[PDB]
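Convention: sequence-line order gives letters A, B, ...; per-chain numbering from 1. Atoms considered below: every heavy atom in the structure, side chains included; atoms not considered: hydrogens, waters and symmetry mates.
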Amino acid sequence: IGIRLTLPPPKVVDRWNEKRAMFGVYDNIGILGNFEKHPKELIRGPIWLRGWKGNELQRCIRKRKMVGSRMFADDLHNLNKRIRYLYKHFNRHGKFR
Amino acid sequence: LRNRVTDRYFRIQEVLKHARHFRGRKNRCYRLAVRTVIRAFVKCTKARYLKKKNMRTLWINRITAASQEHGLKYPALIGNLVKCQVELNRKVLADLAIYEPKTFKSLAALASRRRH
Amino acid sequence: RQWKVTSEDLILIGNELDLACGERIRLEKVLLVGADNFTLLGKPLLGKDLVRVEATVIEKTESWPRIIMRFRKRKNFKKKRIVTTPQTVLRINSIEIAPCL
Amino acid sequence: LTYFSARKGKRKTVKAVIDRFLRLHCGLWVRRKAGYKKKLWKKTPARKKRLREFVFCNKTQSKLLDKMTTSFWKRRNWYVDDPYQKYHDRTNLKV
Amino acid sequence: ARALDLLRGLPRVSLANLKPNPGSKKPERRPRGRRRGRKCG
Amino acid sequence: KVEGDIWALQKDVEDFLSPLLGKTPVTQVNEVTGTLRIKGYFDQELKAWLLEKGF
Amino acid sequence: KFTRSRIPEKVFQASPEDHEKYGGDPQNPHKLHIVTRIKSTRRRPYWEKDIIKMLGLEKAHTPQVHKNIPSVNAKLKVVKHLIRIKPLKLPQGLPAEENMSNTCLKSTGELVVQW
Amino acid sequence: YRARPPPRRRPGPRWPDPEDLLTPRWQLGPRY
Amino acid sequence: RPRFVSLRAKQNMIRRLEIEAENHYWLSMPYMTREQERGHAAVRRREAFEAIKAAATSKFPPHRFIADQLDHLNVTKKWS
RNA sequence: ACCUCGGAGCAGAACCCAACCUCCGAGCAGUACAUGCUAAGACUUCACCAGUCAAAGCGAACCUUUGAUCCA
RNA sequence: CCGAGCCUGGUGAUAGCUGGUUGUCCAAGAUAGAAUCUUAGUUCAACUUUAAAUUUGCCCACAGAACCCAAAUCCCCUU
RNA sequence: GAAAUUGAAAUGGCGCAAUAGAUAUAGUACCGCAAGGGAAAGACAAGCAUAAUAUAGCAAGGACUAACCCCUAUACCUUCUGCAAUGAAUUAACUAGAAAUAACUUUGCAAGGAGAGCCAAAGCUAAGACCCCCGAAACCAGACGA
Ligand SMILES: [Mg+2]
Ligand SMILES: [Mg+2]
Ligand SMILES: [Mg+2]
Ligand SMILES: [Mg+2]
Ligand SMILES: [Mg+2]
Ligand SMILES: [Mg+2]
Ligand SMILES: [Mg+2]
Ligand SMILES: [Mg+2]
Ligand SMILES: [Mg+2]
Ligand SMILES: [Mg+2]
Ligand SMILES: [Mg+2]
Ligand SMILES: [Mg+2]
């Protein structure tokens with residue numbers, strides 16, 4: 001019974017809408033534009049992870065460092081608790097030493 | 001629930017179809033069905049030895065009956081046929097006993113003659 | 001194996017024979033030939049001059065799926081395999097004997 | 001050790017290792033012998049000579065020390081008059 | 001080069017034809033199934 | 001950085017290196033990347049040989 | 001303790017009665033053994049298992065030809081309770097290249113060049 | 001479609017207004 | 001519970017003992033002496049180990065072909 | 001009562017071992033004050049730590065029982 | 001529900017302890033010394049797996065291994 | 001676990017879709033003296049009935065003309081050295097391997113690599129692969145309670 005008895009409504013995808021059609025444009029902004037701009041400057045997203053990557057602990061540390069003062073109170077409390085938990089887990093748990 | 005299983009119906013049915021002829025809830029409930037289906041398949045796999053073993057026992061019983069009809073014992077029949085270089089196997093000898101009694105009579109007479 | 005055979009009989013070999021369907025064949029290892037009133041016994045084989053048993057490849061099939069399951073309790077040991085064996089159905093067309101005794 | 005520090009997210013160096021072992025760049029670790037300064041008056045001259053020596057570590061000891069130090073301690077250092085400059089590299093080594 | 005002639009022969013290179021170089025992508029091992037589940041290593 | 005018949009280069013390298021080794025050297029020809037990988041260290045000999053060939 | 005067994009050399013000194021019984025001439029001895037494993041190496045010491053592997057007798061009832069020389073014989077002595085040894089008999093001599101593919105090992109221990 | 005204009009560095013010097021509270025302190029000193 | 005030895009078990013043991021006695025006899029007559037056999041197989045043994053060493057030292061990654069890389073484009077081959 | 005080390009039983013014949021256990025003695029004493037310094041090659045108490053032996057060379061003369069790191 | 005109330009928070013406390021740890025198929029895969037506030041754990045060793053390099057490895061015939069006063073073992077040309 | 005020093009530009013979803021996503025239809029109902037806790041839900045599965053049962057037994061398998069009768073067959077998981085012990089009425093849904101130091105593999109470039117910093121005596125850069133879930137008695141802080 002864990003199965004739907006009707007076909008789901010058809011999902012139509014426009015492969016040639018503007019977003020898909022122009023996807024990838026300016027990814028070579030650096031090597032084709034005399035390196036005035038780095039391609040990572042094209043990234044739109046959270047201010048604390050534009051052109052940067054890390055595990056959950058590093059992401060949380062960076063978020064606290066960069067926008068911690070602007071965070072809501074309980075969100076910041078949750079982030080502090082999460083950093084503490086992730087520190088304990090990554091530095092004290094695991095199969096490997 | 002980013003990724004959820006949608007095939008569980010078919011995964012369950014693959015086992016339930018083999019369980020459909022069981023007794024009780026073993027034919028309906030997957031938790032019980034899967035255990036009995038595994039046992040059924042293991043029995044099926046192991047029974048290919050017993051089929052061969054029982055067929056030879058059946059052939060030997062039938063040959064013993066047919067040869068006792070002619071006063072021979074099965075060891076005498078088999079051994080003397082071997083000594084006469086007749087390489088008929090037990091399946092064929094049982095078939096001859098059932099369906100060609102005169103041929104089996106000839107074989108029994110030959111075995112007794114060889115013995116004598 | 002040894003097959004007890006007569007004309008028009010069907011025989012199921014549990015392997016492929018490298019023969020096209022409808023192809024005629026001579027079964028060369030005849031151990032026994034018998035009639036209502038007499039039988040001939042090879043020691044262990046009858047001669048080619050005496051008997052001629054001919055068959056025809058009627059079918060080339062696979063067997064029904066056979067399950068091989070292994071299970072050992074309390075060892076997380078469970079394995080399943082499905083095997084289909086090639087098969088050939090032969091029809092025995094004729095048995096001929098010759099007066100070469 | 002600390003695999004991810006709470007302030008930088010970086011792996012930390014166990015400074016007990018740095019205070020005790022010298023790493024040759026090729027991957028060898030040199031150390032002093034334990035007790036080389038202890039109660040020398042009751043040790044034979046041969047034992048004292050053995051204790052005064054700089055000694056290499058095992059493969060597994062070296063692997064442990066490599067894990068316990070970060071890549072900074074495993075770099076090429078061109079010190080002016082390093083006594084270990086010649087020992088920093090291996091020569092005529094087959095496998 | 002003969003490789004470019006082979007390209008001329010072959011279908012168009014698109015985003016549906018791309019494949020990583022063999023040996024550059026190890027399979028991911030995850031703890032499901034008889035061999036990698038249970039006590040999960 | 002090999003262009004053209006990497007297999008011809010492999011044959012030439014084997015011919016040039018077998019007298020040195022006493023056996024035909026074992027090699028891998030990456031035709032895709034245009035590289036030739038030879039087991040063993042022969043960098044100096046191969047550099048001199050390619051200089052003689054004029055590359 | 002259980003250890004390797006040192007068989008006294010008198011065990012392997014045939015008597016004229018043995019010669020008559022088994023039909024082998026001590027002068028001009030047979031060149032090759034046919035050894036078959038007839039007993040399981042399970043429940044036997046690791047050294048017997050190793051000797052069986054070395055002699056290539058892993059499969060039971062599968063004849064293996066070996067030289068009748070002291071080293072091979074020492075190994076065979078180590079595993080003599082697990083094997084059957086019979087001399088290889090060559091009534092027509094060793095096979096020639098022409099009939100190398102037409103040989104057969106008769107159950108009597110004779111390699112016949114016709115089959 | 002036509003691509004949006006390529007991203008470019010803002011030409012000339014960028015002088016943040018010191019009155020704004022959100023301008024970073026490093027953008028106000030003599031080093032900047 | 002005690003166990004007892006049957007006539008069949010005794011006969012089986014006797015058969016095995018007879019086989020072993022024949023093994024003793026056939027092992028009692030070496031063809032060569034220990035001094036004669038010394039080194040008579042050395043050349044073949046050396047060649048066999050040379051083959052083993054060659055196999056051990058010839059291990060290397062297999063070749064890679066532009067044809068193999070480019071054949072993957074056929075996954076989108078259609079009928080026009 | 002013992003906990004470390006050494007010697008003997010306790011292992012008949014390379015080593016290892018009867019742990020637990022039995023007896024004994026050492027946390028040394030005597031000697032010398034090159035009884036120094038260096039250095040090939042080895043042993044090893046089944047890991048490591050530690051512990052042994054040592055040619056050649058240099059220099060004087062002309063050996064028989066334990067404890068790491070840190071810290072002072 | 002007091003040998004020390006209840007609630008919230010620190011808190012996903014900690015647990016060398018208990019329990020659980022989800023597709024298919026193949027393959028390799030075994031008891032073992034030391035130290036340890038340590039014997040319900042761990043680290044090293046041994047074993048184990050994968051990849052790699054190279055050349056010898058196992059078995060062993062003699063010869064050889066103590067005086068005090070057994071079965072076997074070690075070692076290695078051959079094979 | 002620093003600092004000197006160095007100096008980043010600027011309306012969307014490879015998110016969930018009613019056990020998910022907020023606890024939320026709602027801090028409501030309900031529970032508590034109180035502080036507090038805190039929901040549910042809206043659009044031929046199991047269980048039965050049609051149709052109780054037939055000697056014998058992990059309930060099946062080999063079969064068979066034939067359901068049973070014949071023959072073979074000491075449930076599963078986990079924990080024990082191994083069988084005893086643990087867990088499981090059953091269905092549906094949910095429910096548990098997160099990552100670095102090196103390595104290895106595949107690219108790039110190569111005595112140099114890397115889009116400053118770093119490494120380099122073939123290295124450097126990039127990617128791929130690998131480190132679970134539930135559970136105490138507790139401790140402390142601040143409230144709430146005679
Ligand atoms: Mg497994
Ligand atoms: Mg002692
Ligand atoms: Mg040692
Ligand atoms: Mg109360
Ligand atoms: Mg926990
Ligand atoms: Mg296996
Ligand atoms: Mg302690
Ligand atoms: Mg414990
Ligand atoms: Mg909800
Ligand atoms: Mg139903
Ligand atoms: Mg229960
Ligand atoms: Mg009152």
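- Closest heavy-atom contact between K89(G) and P91(G): O-CD, 3.3 Å.
- Between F16(F) and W49(F), the ring planes are parallel. Angles under 30° get that label, and only those over 60° would be called perpendicular.
- Among all heavy-atom pairs drawn from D25(G) and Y25(I), the shortest one is N-OH, 4.2 Å.
- Taking the charged nitrogens against the carboxylate oxygens, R38(I) and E35(I) have no contact shorter than 4.0 Å, which rules out a salt bridge.
- Taking the six-membered ring for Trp and the full ring otherwise, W59(B) and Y74(B) have centroids separated by 6.0 Å or more.
- Across every non-hydrogen atom of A14(G) and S28(I), the tightest pair is CB-OG, 3.3 Å.
- A donor and an acceptor atom, one from each side chain of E22(I) and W26(I), are located under 3.5 Å apart.
- Side-chain contact annotation: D18(G) with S15(G), donor-acceptor N/O pair under 3.5 Å present.
- Judged by distance alone, the side chains of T33(F) and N30(F) do bring a donor and an acceptor atom under 3.5 Å apart.
- Annotation: salt bridge (charged side-chain N to carboxylate O under 4.0 Å, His left out) contacts involving residues 44-60 of chain G, sequence neighbours excluded, comprise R44(G)-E48(G).
- Pairs passing the salt bridge (charged side-chain N to carboxylate O under 4.0 Å, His left out) check and including a residue from residues 20-38 of chain E, sequence neighbours excluded, do not occur.
- In terms of heavy-atom proximity, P30(I) sits nearest to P29(G) at O-CG, 3.5 Å.
- Under the side-chain hydrogen bond (donor to acceptor under 3.5 Å, both in side chains) test applied with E20(I), the options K39(G), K80(G), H81(G) reduce to a single match, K80(G).
- A pairwise comparison of heavy atoms in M32(I) and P70(G) identifies O-CD, 3.3 Å as the closest pair.
- A donor-acceptor pair shorter than 3.5 Å can be found between the side chains of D66(D) and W29(D).
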Starting from the C-alpha separation in whole Å, work towards a yes-or-no answer on side chain to side chain contact (heavy atoms under 4.5 Å, CB included) for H33(G) and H30(G).
CA-CA 8 Å; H33(G) 300 294; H30(G) 71 280; 3.0 Å; yes
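- The environment of CD in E50(I) is crowded: more than 12 heavy-atom neighbours from other residues, nucleotides or ligands sit within 6.0 Å.
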